[PDB]
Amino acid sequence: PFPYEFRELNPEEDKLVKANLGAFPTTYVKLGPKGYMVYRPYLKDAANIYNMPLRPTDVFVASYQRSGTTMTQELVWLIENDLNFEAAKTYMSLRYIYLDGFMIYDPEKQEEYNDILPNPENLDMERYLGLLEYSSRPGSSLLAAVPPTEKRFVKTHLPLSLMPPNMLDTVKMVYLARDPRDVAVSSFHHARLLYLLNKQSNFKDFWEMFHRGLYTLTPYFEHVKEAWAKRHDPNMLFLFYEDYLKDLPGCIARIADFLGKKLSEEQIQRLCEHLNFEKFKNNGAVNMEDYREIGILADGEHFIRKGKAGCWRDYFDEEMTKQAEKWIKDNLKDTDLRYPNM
């Protein structure tokens, strides 16, 4: 029984959002006592996702967006599949079901989406429309459709409270967290990539929205805390994006043990080299560049962008920096949550 009610954004909230994301067709609504920002179309499948039947062989990769999900998905898939790199050449989007991907699309507004493009005429309509149709399918139906004899790999940015309670009694999950400031910068660019932001909007406007819990799937800390509280569970592996950059081999090992898979030092070094930023970046199976031919990606933006930690310093001025510290200190008060890089 779905125990959550949703509410429209009040004038003040709606004002800050409609000033940065207004041009984009899909709208938001606050969900649950924590007021998680979810695209309106989410509500048609929220209860189903809360009650989604789960299987013991299911493996989830969850995170607040732009925290290292893609890397993790690749590592997790190769490790669960005997490091069959050849097979890993298929599109990541075909190897994983994006549970909450559908929500960004509202069929009722199909005509309004191509208008966010500089040249709506240069679209590969056949693929564009095929994209809209798949996205019209609730996430739960996608999972349910996968045959039992096929291991299900699920990607999601949904906080644990919107998914089946005790889901961890059945499935394994790897949750990624990353310094909120770099997440904001990466989320800013990602919004630019898909034409989600008003062109006349800048990063500071994006930051105001993001740290105030007015961007997609925030409040950021409530999302992280829910997973952090469950890190003790044997079926949960909480990792930090920063650690991937400090010692990927060590991280690869942690993920292998968690998945009950043993790897030789050679196998690990091979996985590490496979995730080298430049190689990974030009890896068409994961860089989503297959969508550029369609016309829905903005020039000068990429799914796999920089790959560094600490670049937020190039985007936050003195004030923003101070504002961010207060926000982080307040949310880390009375909790053992700590970020490796901070």
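A residue's number is simply how far along the shown sequence it sits, counting from 1.
Mean C-alpha B-factor is higher over 290-298 than over the other stretch, the pair under comparison being 66-74 and 290-298. Higher mean CA temperature factor, per the PDB entry, when comparing 229-237 with 173-181: 229-237. Set against one another, the Cα B-factors of 199, 157, 151, 95 in the record reach their highest point at 199. Between the residues 269, 140, 187, 218, the entry's highest C-alpha temperature factor is the one at 269. Residue 254: CA B factor lies in the highest third for its chain, per the PDB record. When the modelled residues of the chain are ordered by C-alpha B-factor, residue 79 sits in the middle third. Placement of the Cα temperature factor of residue 55 within the chain: middle third of the modelled residues, per the deposited record.
In the PDB entry, a CA B factor belonging to the middle third of its chain's modelled residues is recorded for residue 243. Sort the modelled residues of the chain by CA B factor and residue 112 lands in the highest third.
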